[PDB]
Amino acid sequence: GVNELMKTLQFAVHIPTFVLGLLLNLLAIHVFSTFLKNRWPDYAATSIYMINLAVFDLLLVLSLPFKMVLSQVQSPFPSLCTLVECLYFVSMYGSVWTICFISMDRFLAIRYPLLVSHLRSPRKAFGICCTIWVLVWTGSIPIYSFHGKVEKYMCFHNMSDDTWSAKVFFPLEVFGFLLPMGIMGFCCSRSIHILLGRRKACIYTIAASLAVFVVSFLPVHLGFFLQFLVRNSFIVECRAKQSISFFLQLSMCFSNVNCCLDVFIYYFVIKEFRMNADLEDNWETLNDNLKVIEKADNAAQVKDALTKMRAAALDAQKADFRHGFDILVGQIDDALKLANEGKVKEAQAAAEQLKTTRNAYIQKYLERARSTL
Amino acid sequence: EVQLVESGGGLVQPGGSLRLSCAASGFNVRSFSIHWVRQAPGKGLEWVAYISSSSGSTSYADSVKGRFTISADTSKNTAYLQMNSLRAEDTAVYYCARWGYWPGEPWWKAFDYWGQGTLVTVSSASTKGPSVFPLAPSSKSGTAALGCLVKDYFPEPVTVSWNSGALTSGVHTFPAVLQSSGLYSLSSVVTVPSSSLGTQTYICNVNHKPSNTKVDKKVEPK
Amino acid sequence: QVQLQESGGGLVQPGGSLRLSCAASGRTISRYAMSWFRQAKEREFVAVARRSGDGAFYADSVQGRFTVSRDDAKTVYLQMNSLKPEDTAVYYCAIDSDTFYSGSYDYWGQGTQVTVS
Amino acid sequence: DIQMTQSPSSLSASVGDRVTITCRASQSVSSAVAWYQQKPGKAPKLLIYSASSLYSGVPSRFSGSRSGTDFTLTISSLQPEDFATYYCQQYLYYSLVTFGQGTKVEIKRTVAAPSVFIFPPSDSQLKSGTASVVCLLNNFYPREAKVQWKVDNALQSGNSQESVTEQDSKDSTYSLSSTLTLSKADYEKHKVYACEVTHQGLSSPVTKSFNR
Ligand SMILES: CCOc1cc([C@H]2C(C(=O)Nc3ccccc3OC)=C(C)NC3=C2C(=O)CCC3)cc(Br)c1O
């Protein structure tokens, strides 16, 4: 039953993902390779992160044909199945740490606008991707934890003894999924909260990175931890063991869709790159006092409205747009001067001029602003 | 460097008129906005007015509006604030401050270069000499407390020196206090070891330069 | 009317950092400022703790070796260190009624003996 | 109309602690806040223009920050030249500029009990027709001391002015002098006078009296 379903789902789902990866990941490789020509300090490191992710996923892409050919036969060649599993593991963990470092970079650029000048550098990016390659391959090196001879003889590679002991399961799982998952969650939540405080493309790309990370890594690592909790310190129960084996095998056959799921972060990063409540309520009060100036008779009322409008303009100026807000504050200043002089109708004329200045220079902001922030 | 020197302040009877002229050196009054900020004695800073010769815009605080008129002649690079219909609540040290125009950094630097201040004093009083009155130490009382008390003097160039300045440690000259009679009071005290009254003469020399009374009063235990 | 309680104290070695406490059920702790005293040889000041933000003060003899805390605005603690032999006293607790730290000291406490070995 | 209130009216700290002065605005001012330092008898000097920008000419010990409508000033590394009155100003517009009430930073020191001395009026005042008795508080810290003049165990109001000196250059202490202005007839109409002094360094109020 479980074996028949295994064979059916494997033969059905490995066929498309190979072509999908070899097409879309290669397209991403080419696109970001052309994008690195721009050579800006902050506009390049992300492209090196993307090319690292694309290479890590292309590893799995090239592994898929080998895993298919070595599994469609009754284990004729047992040496290369270990290589296939090593490729899969290096792919997953390199992808995890690459996307997690991307989230670190985005969070440190958002929360600390000054440190990104000295942090985000193409040399730093090349160094960190090379470093993560080295450590991930070094941690994939000790996969020969079984008996020295014979070696494991199945491509789903359950393995035994010290593999599922705390000496191996924890130092791998905590340092490869749990810590990246936790720190990515913190970074992404803080980034989204800050961006929503400043309020779309950036929110979209952080959300896409977090969603891709969760969907592609949480199931397989949850299955790993569940097997550790079940086959070590929980009764077999037969039914639970069968269900958990089914779940972990499915996550094995569904985590290979990561090479395609990475397109959801690639596309949004590319859209953000092509394109390049605080602001919303600043615009709201600008319009509100602009409209209440018209229905006013006391000079004190128009003075108060102009004061609030000037405060809003000054606050929003810190988020072309520099000069537009400059002339907006200037016109608010003439309106305030006229109101202080005692004239009210002249304040209305100044407010009308302020309205046309806003419609001309300001409306481009709060429109592009609600497309990146 | 840029400097603002203010002059004009002095003795003015209530309801009188005075004109403080802060002079700007190092820049022009047409490129910066001149503001007046006043500090009542022992109180905080209060904005008074504002003049912009470039645009002619004048503004005043609510508690001053309709009485003082601010003006600025760009030929002399000076700004004038004209006192009118004065009252006792208006006495303060007046500061003329500069403020850049919109836009850019000069506006954001609110008051980078202040003046030096000019003490404007207003009250329905006339100059008179201070009556120095000694406060004898307690005969019953290791350290005894001395002092001489002066009262009823209008201006405040009053200096107190004990033994022609020969005694400095333990002295405490207090700030003057404005009395309900429009005059000022001041107590200056010194503390010496008792040692049977210290068998030393203590003379309190108080000088009131506007009144030209330098009266020295000798204190003795009762 | 306002409840005031003191807890802690005993006999500790010359260097035996000791903790004291004051409890005041009546009225709000953070609204006013409490003071720490000691005697036995008339009463002598030790420390006064005010509302959070403006800090707390200490006497010359207990300088550094004593520390007071506002804690959770419920009442004042005391932390010893380097207890000199000349510290044997019956430390009392007090509350300053005036909001301007005038030290009216209308409400007092009972306190406990503190002895140095 | 844009009120600016700074919470610490008078803050005491020693040379080398972190000083925080917090300011609040009635309505939103984006970054139009400027912090000024005023030593006694001198014009104020700009310290932190805008919300956090540091003026050129003052040490980097001074820092500012904005949390929405709240503004704070930090002097985290104090120095013997940072003891002055610090003011908080809002400058959203030329005609709406307002200042805070100030924050006098003094020198922290051990609490000292005020030595109380009461001085009877001299015969010169008696023949002049006016009476003035002064109760002197000497070398006390902190400044929060209250003097109440008691005649026949009755508390008086008005007719008394209190003068307080600044921090002494040597002991960093304070001195008080409250004089009770009385008419000669009223002064002679009574027999015994006293001044009651309370301070946060005294277990019980100290009252020193004299008999005419
Ligand atoms: C950088 C990762 O390096 C490794 C990972 C694993 C994973 C494994 C395991 O034997 N896989 C495994 C199975 C078949 C072929 C090769 C394999 O692996 C490299 C088991 C049972 N359990 C866990 C593994 C984890 O990676 C996370 C924690 C739980 C073993 C070794 Br070995 C690694 O050097």
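Within every chain, numbering proceeds from 1 in written sequence order, not necessarily in step with the numbering of the entry, and residues without coordinates do not appear. Throughout, the order in which chains and ligands are written sets their labels, letters from A for the former and numbers from 1 for the latter. In computing side-chain properties, one takes all heavy atoms of the structure into account and sets aside hydrogens as well as water. Residues with missing side-chain atoms are left out of burial classes, side-chain pairs and their counts.

As recorded in the entry header, the structure was determined using cryo-EM to a resolution of 3.04 Å.

J.: Tell me about the overall build of chain D, and name the residues and values.
T.: Strands are runs of DSSP state E lasting at least two residues, helices are runs of H or I lasting at least four, and both sets are numbered from the N terminus onward. Of the regular secondary structure elements, chain D holds two helices and 18 strands. Here chain D has a C-alpha radius of gyration of 22 Å; the compact-globule value for 212 residues is 17 Å, and the former is much larger. The principal-axis extent of the C-alpha atoms belonging to chain D is close to 65 × 40 × 30 Å. Long-range pairs, those at least 24 residues apart, make up 59% of the contacts in chain D with a sequence separation of at least 6. Our radius of gyration is a C-alpha quantity, and the globule rule it is checked against amounts to 2.2 Å times the number of residues to the power 0.38. Throughout, a contact is declared for two residues whenever any of their heavy atoms are within 4.5 Å.

J.: Can you tell me about helix α10 (residues 263-275) of chain A, naming the residues and giving the values?
T.: Given the number of residues in a helix, its expected span is that number minus one, multiplied by 1.5 Å. Taking 1.5 Å per residue, 13 residues should reach 18 Å; α10(A) reaches 18 Å between its end C-alpha atoms and fits that length. Contact partners of the buried residues in α10(A): α1 (2-35), α2 (41-71), α3 (79-111), α7 (201-231) and α9 (258-261) of chain A.

J.: Lay out the interface of chain D and chain B in plain terms, naming residues and giving numbers.
T.: The parts lose accessible area when they come together, and the size of an interface is often stated as this lost area. Between chain D and chain B, the residue contacts involve 45 residues of the former and 50 residues of the latter. Sorting the residues of the side of chain D that touches chain B by element identifies β4 (33-38), β8 (85-90), β11 (115-119), α1 (123-128), β12 (130-140), β15 (160-164) and β16 (174-183) of chain D as the ones contributing at least two each. Residue polarity is assigned by list, with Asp, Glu, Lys and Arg as charged and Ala, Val, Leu, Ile, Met, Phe, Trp, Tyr, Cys and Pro as nonpolar; anything else, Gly included, falls into the polar class. Looking at the side of chain D that touches chain B residue by residue, the class counts come to 22 nonpolar, 20 polar and three charged.

J.: Quick one: what's the story with the sheet that holds strand β3 (residues 20-25) of chain D, residue by residue and with numbers?
T.: Remark on secondary structure: sheet strands pair via backbone hydrogen bonds, oriented parallel or antiparallel. Residue and element names in this part refer to chain D. Judged by pairing direction, the sheet is antiparallel, and its four strands sit side by side in the order β1-β3-β7-β6 without closing on themselves. In this open sheet, the two strands that pair with only one neighbour each are β1 (4-6) and β6 (63-67). Each neighbouring strand pair of the sheet contributes to a mean axis angle of 20°, computed without reference to strand direction. In short, DSSP must find at least two bridges between two strands for them to pair. In the sheet, β1 pairs with β3 via three bridges, with the strands oriented antiparallel. Bridge pairing in β3 places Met 4 opposite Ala 25. Geometry is summarised by axes, namely lines fitted to C-alpha atoms with helices restricted to the contacting stretch, and by angles between N-to-C directions that run from 0 to 180 degrees.

J.: How would you summarise the arrangement of the chains if you had to cite specific residues and measurements?
T.: Summarising the chain contacts, four pairs of chains touch, and the pair with the most contacts is chains B and D. One finds no contact between chain A and chain C; the C-alpha atoms of the two approach each other to within 29 Å at their closest. At the level of C-alpha atoms, the two units chain B and chain C stay apart, their nearest approach being 18 Å.

J.: Provide a residue-level description of the state of the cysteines, including the pertinent values.
T.: The criterion for a disulfide is a pair of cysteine sulfur atoms lying within 2.5 Å. One pass over the structure, following the stated rule, counts six disulfides over all chains. Between the sulfur of D:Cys23 and that of D:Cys88 lies a disulfide, 2.0 Å long from S to S. Taking the sign of the torsion about the S-S bond as the criterion, the disulfide between D:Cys23 and D:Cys88, at about -100°, is left-handed. Of this pair, D:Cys23 sits in strand β3 while D:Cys88 sits in strand β8, and the two are 65 residues apart along the sequence. Counting only the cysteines that form disulfides, in the order they appear in chain B, gives the pairing 1-2, 3-4. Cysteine A:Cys130 is unpaired, with the sulfur of A:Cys129 as its nearest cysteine sulfur at 6.9 Å. What makes A:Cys130 partly exposed here is its relative accessible area of 39%. In this structure A:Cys187 is a free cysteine whose sulfur lies 6.8 Å from that of A:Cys188, the closest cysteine sulfur available. Per-residue accessibility, obtained with a 1.4 Å probe over protein chains only, is compared with the maximum for each type, and a residue is labelled buried under 20%, exposed over 50%, and partly exposed between these values. A residue is classified by how much of its surface remains accessible, and A:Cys187, at 5% relative accessible area, is buried.

J.: Would you mind going over the interface of chain A and chain D in detail, with residue names and values included?
T.: In this assembly, eleven residues from chain A lie in contact with ten residues from chain D. By the criterion of area lost to chain D, the three top residues of chain A are A:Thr307, A:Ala311 and A:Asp315, representing 40% of everything that side buries. The term salt bridge refers to a pairing of a side-chain nitrogen on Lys or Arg with a carboxyl oxygen on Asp or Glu at a separation within 4 Å. At the surface where chain A touches chain D, the tally comes to one salt bridge. One salt bridge connects A:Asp315 with D:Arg66, and the closest N-O pair in it is separated by 2.7 Å. Among the elements of the structure, α12 (299-317) and α13 (321-341) of chain A are those that each provide at least two residues to the side of chain A that touches chain D. Per element, the largest residue contribution to the side of chain A that touches chain D is six residues, and it comes from α12(A). Buried area is a sum: the accessible area each of two parts loses on coming together, probed at 1.4 Å, counted once for each and added.

J.: Tell me what's going on with the packing of aromatic side chains, and back it up with residues and numbers.
T.: Between the rings of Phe, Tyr and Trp (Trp by its six-membered ring), a pair exists once the centres lie within 6.5 Å; its type follows the angle of the planes, with under 30 degrees stacked, over 60 edge-to-face, and the other angles tilted. Using the criterion set out here, one finds 54 aromatic pairs over all chains in the structure. Ring plane angle 15° and centroid distance 4.2 Å describe the contact between A:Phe56 and A:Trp133, whose orientation is recorded as stacked. Placement of A:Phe56 in helix α2 and of A:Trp133 in helix α5 (residues 122-140) is noted, with a sequence separation of 77 residues between them. Relative to B:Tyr94, the ring of B:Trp36 has its centre 6.4 Å away and its plane inclined at 70°; by these criteria the two rings are edge-to-face. Highlighted residues: B:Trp36 in strand β4 (residues 32-39) and B:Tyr94 in strand β9 (residues 92-100), separated in sequence by 58 residues.

J.: Any details on the nonpolar core? Residues and values, ideally.
T.: Membership of the largest hydrophobic core comes to 112 residues, with the highest contact counts inside it found for B:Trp114 and D:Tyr91. Looking at this core element by element, the count peaks at nine residues for α12(A). Once residues lying within four places of it in the same chain are set aside, the contact partners of D:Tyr91 are B:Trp99, B:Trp107, B:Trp108, B:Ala110, D:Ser31, D:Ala32, D:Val33, D:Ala34, D:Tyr49, D:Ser50 and D:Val97. Formed by 58 residues, the second largest nonpolar core is a distinct cluster that contains A:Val61, A:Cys188, A:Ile265 and A:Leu373. Take the buried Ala, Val, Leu, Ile, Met, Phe, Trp, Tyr and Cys residues and link them wherever side-chain atoms come within 4.5 Å; each set so joined is a nonpolar core.

J.: Any chance you could break down the site of the ligand for me, citing the residues and the numbers?
T.: Residues and elements named next belong to chain A. One heavy atom suffices: a residue is near a molecule or strand as soon as one of its heavy atoms comes within 4 Å of it. Close to the ligand lie 16 residues, the nearest being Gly 139, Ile 143, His 157, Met 159 and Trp 164. Polar contact is defined as a pair of N or O atoms within 3.5 Å, subject to the rule that within protein one atom must be able to donate a hydrogen and the other to accept it, and that residues adjacent in sequence are counted only when both atoms are side-chain atoms. With respect to the ligand, the side chain of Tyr 93 contributes an N or O atom lying 2.5 Å from an oxygen atom. Contact between the ligand and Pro 142: an oxygen atom at 3.0 Å from a main-chain N or O atom of the residue. Here, Shrake-Rupley sampling with a 1.4 Å probe gives the accessible areas, and only protein chains in the shown set may cover a residue. Within the complex, the protein chains bury 97% of what would otherwise be the 640 Å² of accessible surface of the ligand.

J.: Tell me about the pattern of salt bridges, and please be specific about residues and values.
T.: With the rule as written, the count across this model stands at 25 salt bridges over all chains. The closest approach of N and O atoms between A:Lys291 and A:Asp288, which form a salt bridge, is 3.3 Å. Linking A:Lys291 with A:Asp288, this pair stays in helix α11 (residues 278-294), spanning three residues, or about one helical turn. Judged by its relative accessible area of 41%, A:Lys291 falls in the partly exposed class. Linking C:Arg38 and C:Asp87 is a salt bridge whose minimum nitrogen-to-oxygen distance equals 3.4 Å. Within this structure, B:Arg38, B:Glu46, B:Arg67 and B:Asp90 form a network of salt bridges that share partners.

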